[PDB]
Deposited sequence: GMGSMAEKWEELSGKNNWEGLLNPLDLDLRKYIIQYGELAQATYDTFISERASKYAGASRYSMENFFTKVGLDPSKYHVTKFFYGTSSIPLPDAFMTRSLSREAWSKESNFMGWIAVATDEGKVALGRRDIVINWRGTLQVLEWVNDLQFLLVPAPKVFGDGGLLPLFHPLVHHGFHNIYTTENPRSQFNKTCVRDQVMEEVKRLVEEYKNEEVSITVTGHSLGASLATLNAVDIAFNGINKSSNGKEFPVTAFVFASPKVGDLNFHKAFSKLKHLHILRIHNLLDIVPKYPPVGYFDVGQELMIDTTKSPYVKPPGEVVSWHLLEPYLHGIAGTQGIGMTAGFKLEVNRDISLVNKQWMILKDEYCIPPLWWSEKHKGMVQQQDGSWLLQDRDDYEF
């Protein structure tokens, strides 16, 4: 698995590994989905929080508090993004507090690098870039406009989604955390990590779900097109992206530019009934390889479901954990021992018989802690500096 890491990261574009789904690739896709789901588990969406839109966990406590292995990667940077055009009021979370940490920016994700122990298990010094999407579907997928605009910061022919590009490249000199656009905050950290581990074997892996999957895809093409995976000593490091429930990013020239990048491979996970991969409806093209799943075939989920349940990431990972194909007689059986309770972290999806509470990923008292006064204050974020 560590010895086969190049093939698992798409060296041969996952040919022969998807139908039937290879067992080690099944684990591979899930573990990078866990790093993408970690962006959701740390993101404060409660507008009452004076840290709404920010990560509630510091970089040091990160993997432990999101329920993952803290021995494998080490978080090095949180990156933040802002916008400047009319967007659906669910892309950027805005605090109701007068002591708000920020009025322009949101936590867009985090970058981590494999530890020494993790490098043994992974097979190389892996640099992971995880982009945050949103939990909401109905609030944007049917109303967000999809104008095609150029991306000079990326390509200097290719046209790209106007909304995704604006979030990706908007700067603000009067802002506290987005004087540089989120793109550059990512690239500077990727460059210093590539420089830091230039004497080792290094891979770059981008993860994302929903809107984060579109930003991750554009980010992956961006890294490979501009040689940000090339070190100062002449090494080319491979760029790989595992994206989930991805809406389309660019047009035909964007696909054409993606095809020329020979050190880049994308694997998109697509749930049958999920309507988000349909977006945008005209003029856009997918890029990379695609694995199809159908969470409807799972006997654990509550039939019949809804568009939110077919879109969220933990159902996707549960679907990958048990997928046997999407054919009419494929069935469903868990090939990995992935806890089914994870599916209820942000929604009600499991059947009642499994006795898992709905929307259970929640801090104690939703961040309220009692004072010596006996009153209660919302203290929902770790003590760290931005």
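Trainee: Point out each run of deposited residues with no C-alpha coordinates, keeping the order of the sequence.
Mentor: 1-4, 161-168 are the stretches of the deposited chain that have no C-alpha coordinates in the structure.
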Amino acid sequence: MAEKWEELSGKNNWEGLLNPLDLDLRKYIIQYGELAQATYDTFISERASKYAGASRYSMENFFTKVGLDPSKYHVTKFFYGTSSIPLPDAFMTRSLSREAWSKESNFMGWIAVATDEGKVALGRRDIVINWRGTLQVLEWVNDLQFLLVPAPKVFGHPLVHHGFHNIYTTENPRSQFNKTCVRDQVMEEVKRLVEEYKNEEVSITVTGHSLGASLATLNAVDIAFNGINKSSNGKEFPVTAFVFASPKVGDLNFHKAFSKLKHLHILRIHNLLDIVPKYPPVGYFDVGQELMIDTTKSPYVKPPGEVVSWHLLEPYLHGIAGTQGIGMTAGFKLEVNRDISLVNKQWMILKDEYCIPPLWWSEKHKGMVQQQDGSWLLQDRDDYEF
From here on, numbers count along this sequence of modelled residues.
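Trainee: If you average the Cα B factors in the entry, which is higher, 292-300 or 259-267?
Mentor: On average, C-alpha B-factors are higher across 259-267.
Trainee: Give the stretch, out of 135-143 and 85-93, with the larger mean C-alpha temperature factor in the deposited entry.
Mentor: Result of the comparison: 85-93.
Trainee: If I read the C-alpha B-factors straight from the PDB entry, which of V113, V186, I228, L148 is highest?
Mentor: Top of the list by C-alpha B-factor: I228.
Trainee: Per the coordinate record, which of the options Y197, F177, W101, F244 holds the highest CA temperature factor?
Mentor: That would be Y197.
Trainee: Sort the modelled residues of this chain by their C-alpha B factor and say whether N166 lands in the lowest, middle or highest third.
Mentor: Middle third by C-alpha B-factor.
Trainee: When the modelled residues of the chain are sorted by Cα temperature factor, does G123 land in the lowest, middle or highest third?
Mentor: For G123, whose C-alpha B-factor we compare with every modelled residue in the chain, the answer is the highest third.
Trainee: Going by what the PDB entry lists, where does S210 fall on CA B-factor within its chain: lowest, middle or highest third?
Mentor: For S210, whose C-alpha B-factor we compare with every modelled residue in the chain, the answer is the middle third.
Trainee: Split the chain's modelled residues into thirds by Cα B-factor; is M368 in the lowest, middle or highest one?
Mentor: As the PDB entry reports it, the C-alpha B-factor of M368 lands in the lowest third of its chain.
Trainee: Could you place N106 in the lowest, middle or highest third of its chain by Cα temperature factor, using the values in the record?
Mentor: It falls in the bottom third of the chain.
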